[PDB]
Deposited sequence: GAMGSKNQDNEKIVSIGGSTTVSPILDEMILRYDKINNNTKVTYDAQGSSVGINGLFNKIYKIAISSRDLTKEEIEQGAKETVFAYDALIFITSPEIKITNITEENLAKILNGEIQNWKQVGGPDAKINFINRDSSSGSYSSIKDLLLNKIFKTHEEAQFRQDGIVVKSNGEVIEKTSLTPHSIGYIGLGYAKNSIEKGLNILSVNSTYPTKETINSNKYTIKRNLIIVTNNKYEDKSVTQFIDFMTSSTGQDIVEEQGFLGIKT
């Protein structure tokens, strides 16, 4: 029997677990396991021969590449920005969006919108969504730690569904939710913004034209056949159906 020990991001545990059990229907001669203590721990475990594959929700560093790391994307965790429907703005650049998030822009007029104070609805700081927006927008747009902090008087809520409800009740408001909640936001009569003139769709997220997403990547360090086989399953149509059945966005196959 072959053994493929995998480690990495906590966010994809039930996807990896289902992939393991479904791949076992095809090939019961490999034992695959997933231990989810985080992306960085997974990559460290890969380099130390504890894992043969790491699953990461963050981009590899140059040091990791220099140590031989290679990656293939297999899923996306995208976020979208929703507003109350009386703000007529339909599009925002990443730069301006980051300045709303960090409090440098606090009235819609500052970007040509109506004269109306912005009510920013933020997520709780323990959430994955908060972490993703901080990492994807604030930490990339702003040079210093002090600048790369959220506006401190945001209206804080503890779930995607509550961002939608709060946005529906709060005038001139903006919040962020996972892509999977787009339908719910529309049914509630809210508006989803384009970012850099790009709406978040499977095509624009796959092309990397829509910028607000984490790329979930398979990381290896010539692989064992057992590893190649499992990765081939992960990126297969069945693998990708599992990704989407569990609320993430798949790649093209």
Residues of the deposited chain that carry no C-alpha coordinates are 1 to 10, 232 to 233
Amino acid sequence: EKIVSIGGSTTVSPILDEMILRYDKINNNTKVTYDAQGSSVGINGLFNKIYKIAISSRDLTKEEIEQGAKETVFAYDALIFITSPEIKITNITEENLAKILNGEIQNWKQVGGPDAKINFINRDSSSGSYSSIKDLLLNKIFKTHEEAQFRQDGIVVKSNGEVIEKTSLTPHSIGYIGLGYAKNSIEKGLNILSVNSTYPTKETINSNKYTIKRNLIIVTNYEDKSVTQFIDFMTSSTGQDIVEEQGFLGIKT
From here on, numbers count along this sequence of modelled residues.
175 to 183 set against 146 to 154, stretch whose average Cα temperature factor tops the other in the entry: 146 to 154
Averaging the C-alpha B factors as listed in the entry, name the stretch that ends up higher: 206 to 214 or 63 to 71. 63 to 71
Highest recorded Cα temperature factor - choice among 140, 99, 166, 123: 140
Among 28, 196, 220, 33, which carries the highest Cα B-factor? 28
Can you tell me which third, lowest, middle or highest, the CA B-factor of residue 57 falls into for its chain? middle
Test of reading the entry: by CA B factor among the chain's modelled residues, which third contains residue 42? lowest
Report the third (lowest, middle or highest) to which the CA temperature factor of residue 240 belongs, ranking only the modelled residues of the same chain. lowest
Classify residue 229 as lowest, middle or highest third according to the C-alpha B-factor given in the PDB entry, relative to its own chain. lowest
Would you check the entry's CA temperature factor for residue 170 and let me know if it's in the chain's lowest, middle or highest third? lowest
